[PDB]
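Each remark here refers to the structure printed beneath this line.
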Ligand SMILES: Nc1ncnc2c1ncn2[C@@H]1O[C@H](COP(=O)(O)OP(=O)(O)OP(=O)(O)O)[C@@H](O)[C@H]1O
């Protein structure tokens, strides 16, 4: 689609370019960080739940504090530059300085001397210390995705966009995110399949990493250039933007509740409680399967080039399925089949594509022999099923799960509406991710490996989807009742 | 009806070679997915190799990859399995399996027994 007028073009094209560059970098780094962490020497998918908690969220709080104290000393555009340019500096220094020195910075000797002491479940924790530059890459990719996408760009947009433009501009950005998924997938596939220079002695992944980070640097430079252009040619034009507009809404400056003044609001009434249960269950269910799926990827694609090429193809097909969804099942299913079915499609889809995946992962030897008669191994079949599950979730999230969340936010009174919305999006925004990481950390420490914890992940996934299904079924009763009295 | 029968089993030595046969009958051989399995006494039946429909796609077990090669002949109805560099771990009764083009269950032959320089009895 292209639902933007002709006069708003000069304002939206720099915005669309900024969003395209930011999402392109986000996808490239999201795939490259998994490639680096999972394919590292002495590392694997077990390092992912340890990073995502013991490095991502403390660095997240550190960066949020630095940003909050920096916004008061720098101007808005100077703040954007001072936050975005360190990212580009790191992504230019990584493949040129930090990755070539990865056999000098990484303390492999101390790392294995430590691993010989810690329990075998802390292999994912000693893989952080063994690959601490790859861990810094993971942290900074997560911080790109958080800061430069959700905080920086979206604050810029919500500040400079008009309310009468916001819906169309955000729909255009939603379709541009899928177009950038397509582009970043093709670019990662190309940079990975560029396993050229047959003359050995060079790192085949070194060239791919140089190409990926070079595309990232060019995209970040185009981002900075479009930001400068929209500041010097648009945000100073009294026709597109005027700071006399958002002051009305900023009179009541955003009162972000800390954690627990909302943890009690999640206990005020069963409505917001069940909605928080839905969000938390989604956040945990999406994370529970990803670590096992990435272990299966490390098994199927040992070297970093094939892993990154699969991640590129996976991003490309996530983009394809996202475009198909946004074009066909955009707002169809919710209004066609009620709120309960729209809220239940995602849990039952995760349930089906997760029990199949965990059956292929647990019953490998039982399946290898029946699947072998179909040309594939249960490892490749589990990889495919996990990729299908991830694609379906990341595709019909924005159209099936978020669309039912916000639809449930409707029949509430404005006070409880905004307060409970803030409560959910302040606690369960990570609570789910951090909990899905902590569950996997505990299961790795207790069980001892990823292959040994997968029978317990399936039981936990069934115990959470059961909560997800029962809470969505109960929330549908309080959603249908309150909607009827709101009519009169 | 779906009679499968194997041939070529026996013994050579630890590191020898054998060529199994699957001279089947009773179905459209050009439209069936064949393959070879084995079941040592006390172990579970594992697969050795499968041949797609014409020889394009072959899937070997990671324990026999590079050593064994599976080949069919849609004209001369028979599935072959050229076994080379036989290890003492290879001793088992080898079954030939056959799945139709759209079915989901594989028919099994009576299986031929293969033994190689019996290891420590
Ligand atoms: N529709 C979307 N298109 C592209 N990116 C998105 C979309 N929604 C959210 N994001 C990005 O992804 C994040 C949402 O959670 P996120 O996807 O990070 O959890 P996740 O699935 O575990 O991914 P990650 O591995 O990055 O944590 C946000 O930080 C945002 O930057």
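Numbers in chain A track Swiss-Prot; the residues on display, in order, are 16-503.
Structure determined by electron microscopy, 2.7 Å.
Note: Cβ is positioned from N, Cα and C throughout, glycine not excepted.
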Given ranges A:383-403, A:404-424, the stretch to which Swiss-Prot attaches the annotation transmembrane segment: A:383-403
Feature transmembrane segment in Swiss-Prot, mapped to one of the ranges A:62-82, A:251-271: A:62-82
Distant-in-sequence neighbours of the transmembrane segment (A:184-204), which means Cβ under 8 A and at least six residues beyond its ends: 16-19, 27, 30-31, 34-35, 38-39, 42-43, 46-47, 172, 176, 227, 230, 323-324, 326-335, 337-338, 341, 413
Recorded stretches the transmembrane segment (A:286-306) and the transmembrane segment (A:358-378) touching, at least 3 CB pairs under 8 Å: yes
Beyond the flanks of the transmembrane segment (A:93-113) by at least 6 residues, Cβ under 8 Å: 44, 82, 85-86, 120, 148, 151-152, 155, 158-159, 162-163, 167, 171, 221, 224-225, 227-229, 231-232, 235-236, 238-239, 242
